[PDB]
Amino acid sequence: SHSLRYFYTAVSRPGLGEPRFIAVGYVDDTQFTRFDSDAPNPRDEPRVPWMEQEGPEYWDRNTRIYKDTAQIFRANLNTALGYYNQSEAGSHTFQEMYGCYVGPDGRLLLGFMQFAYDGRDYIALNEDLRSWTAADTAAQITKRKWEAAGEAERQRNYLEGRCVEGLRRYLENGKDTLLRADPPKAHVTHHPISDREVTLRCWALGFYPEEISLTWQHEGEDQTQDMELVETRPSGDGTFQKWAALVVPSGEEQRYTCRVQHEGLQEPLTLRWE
């Protein structure tokens, strides 16, 4: 399953001018575009090397879309102050994420479009793409308004059409890197805790995509209950890294193995401290 997703953030800054608006585009988990209203030259730009086929008109068009949206988000933040009777004095945030997940049949699997005010659900487009869920009484005003205006239909048309067409195109264009699989470079380290115990750490670096399985075992038995894990983290170069650790008795390290599995392998890799 693949997706095209856009993320918008507007942050008000009283006494400092208009809100800053930032829009970021994602194909699957890869950031591929960015617009920042605060940039010396506020323009939508590629954040990836494989978007070079698009013309100047492409980025010009996106830029104007985001500029128009920035204006809307400013209005949204002002309106929210009224709805919630809040002061013009404080900073507030308004966020949107929307996009399309496509099934192997090449058609929309799930379209979504959600909004948040100050980091909490405000209003969202339901899965049927024909109705809204309002999170509170303020958002119920918006719901009434968007229902009267027939907003849902236009969003559904986008999610089912342009969004899907775009994903198809970008996936095709970024194919060589988006769909690649770089296997992890994995190894085991050994760190004494005390006289009785030591830490065995199973490392995996430089892998893509980010999904990976690291499983400590004791004489063949799955020990995925006593492992210490870190959340998979970005290497900074587009790859990911992660480790899984187990505390074992000193002198019994040889009884344990780390099983590493990832798309870029073929079959599991079995590692051990020796």
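Numbering starts at 1 and runs along the sequence shown.
Peer 1: Comparing 180-188 with 102-110, where is the mean C-alpha B-factor higher?
Peer 2: 102-110 has the higher mean C-alpha B-factor.
Peer 1: According to the deposited model, is the average Cα temperature factor higher in 63-71 or in 40-48?
Peer 2: Higher mean C-alpha B-factor in the PDB entry: 40-48.
Peer 1: Taking the Cα B-factors listed in the entry, which of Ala23, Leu16, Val11, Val260 comes out highest?
Peer 2: Largest recorded C-alpha B-factor: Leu16.
Peer 1: From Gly206, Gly220, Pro209, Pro234, can you pick the one with the highest C-alpha B factor in the entry?
Peer 2: Top of the list by C-alpha B-factor: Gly220.
Peer 1: Within this chain's modelled residues, let me know which third the CA B factor of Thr215 belongs to: lowest, middle or highest.
Peer 2: According to the entry, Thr215 has a C-alpha B-factor in the chain's lowest third.
Peer 1: Give the position of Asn76 by CA B-factor within its chain, expressed as the lowest, middle or highest third.
Peer 2: As the PDB entry reports it, the C-alpha B-factor of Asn76 lands in the lowest third of its chain.
Peer 1: Is the Cα B-factor recorded for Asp118 in the lowest, middle or highest third of its chain?
Peer 2: Its C-alpha B-factor, which the entry lists for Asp118, ranks in the lowest third among residues of this chain.
Peer 1: Check where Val198 lands among this chain's C-alpha B-factors and tell me if it's the lowest, middle or highest third.
Peer 2: Highest third - that is where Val198 ends up once the chain's C-alpha B-factors are sorted.
Peer 1: Lowest, middle or highest third of the chain for the C-alpha temperature factor of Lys175?
Peer 2: Within its chain, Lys175 is a highest-third residue by C-alpha B-factor, going by the deposited values.
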